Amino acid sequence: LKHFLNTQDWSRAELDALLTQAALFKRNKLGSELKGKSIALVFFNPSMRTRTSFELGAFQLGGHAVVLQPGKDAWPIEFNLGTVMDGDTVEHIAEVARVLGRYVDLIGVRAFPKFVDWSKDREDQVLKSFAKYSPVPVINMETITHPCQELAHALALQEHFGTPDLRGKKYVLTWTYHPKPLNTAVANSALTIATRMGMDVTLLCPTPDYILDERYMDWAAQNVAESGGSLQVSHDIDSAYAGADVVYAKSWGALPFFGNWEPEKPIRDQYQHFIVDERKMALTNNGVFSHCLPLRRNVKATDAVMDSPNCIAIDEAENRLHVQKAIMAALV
């Protein structure tokens, strides 16, 4: 059974096919690839773009999306095995998955880490659980990786440079400020897709503490070795931005401090200058700037940068609808 948990699990040929069908669905939004079918969208965290682009994509394809929010409407799920359920968890994913598997044709899930212990959050238990017990294809709507966002990003880029081949482009994935520590998910997915697309990726972040987990720094290496691109870390802003083609901002907490954020507040606070501003965008080769959104203005980026024509975040967001339709149509 084929799922869509990470782009990494897919071959370059399949990804390529996915971006093209995306491009296609973008030319003709309506179809019947999902006529009579349906998908259960399970959210354990907030969402606007994801929720909306999926709910519409299913409608635009003849299917129907059923949104579920365990804890709000649906019953809270248990993921640990053999555990004795006498706490707050009402049912077990082993039953929930097999059941959704009787009503729907697809299952999408969204569950940000709990931020208490990275060791435990890096196992991506919810998504893996779903994938294991579900008799139907499972789709990552973001956990510790945001595969869907990756393709939307990749397409917005291929669109911008007028070609599918993005090799040779200097891609700068920059960390950026945020009053509180956020999920690394997108940063990981960015690094993964940027390296996979064969670009000259530069992971810009404040201190070595902010470097992404090894798994992802390693997936990146294999991608370079494959796409003939390159990965590189930089703690110096200007040296990075210097003549870039693409610039993706994303704030996230330092993994080492998981479960111990107190000592990090003072640390991140001294890097607010990482915000993406015109000055930095000036240092680029008329580069394009993007973000997954929701973006906090004048914190992650400046009003100028957002209103700037080089900001393709809106297009990238819209592609989420086309990319996801390609993923669903594929999986069925």
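Sequential numbering from 1, following the sequence displayed.
Chemist: Which has the higher mean CA temperature factor in the PDB entry, 104 to 112 or 225 to 233?
Modeler: Looking at the record's C-alpha B-factors, the answer is 225 to 233.
Chemist: As stated in the PDB record, which stretch has the larger average Cα B-factor, 93 to 101 or 250 to 258?
Modeler: Mean B over CA atoms: larger for 250 to 258.
Chemist: Looking at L127, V186, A154, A240, which one carries the largest C-alpha B-factor according to the PDB entry?
Modeler: Among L127, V186, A154, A240, the PDB entry lists the largest C-alpha B-factor for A240.
Chemist: So among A13, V323, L24, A317, who wins on Cα B-factor in the entry?
Modeler: Of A13, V323, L24, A317, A13 has the highest C-alpha B-factor.
Chemist: By the recorded C-alpha temperature factor, relative to the other modelled residues in its chain, which third is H273 in?
Modeler: CA B-factor rank for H273: highest third.
Chemist: How does the C-alpha B factor of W75 compare with the rest of the chain: lowest, middle or highest third?
Modeler: As the PDB entry reports it, the C-alpha B-factor of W75 lands in the lowest third of its chain.
Chemist: Sorting by Cα B-factor within the chain, modelled residues only, which third would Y133 end up in: lowest, middle or highest?
Modeler: CA B-factor rank for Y133: lowest third.
Chemist: Quick check on the deposited entry: does the C-alpha B-factor of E55 sit in the lowest, middle or highest third of its chain?
Modeler: Within its chain, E55 is a lowest-third residue by C-alpha B-factor, going by the deposited values.
Chemist: Could you say whether, by C-alpha temperature factor, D307 belongs to the lowest, middle or highest third of its chain?
Modeler: Highest third of the chain for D307's C-alpha B-factor.
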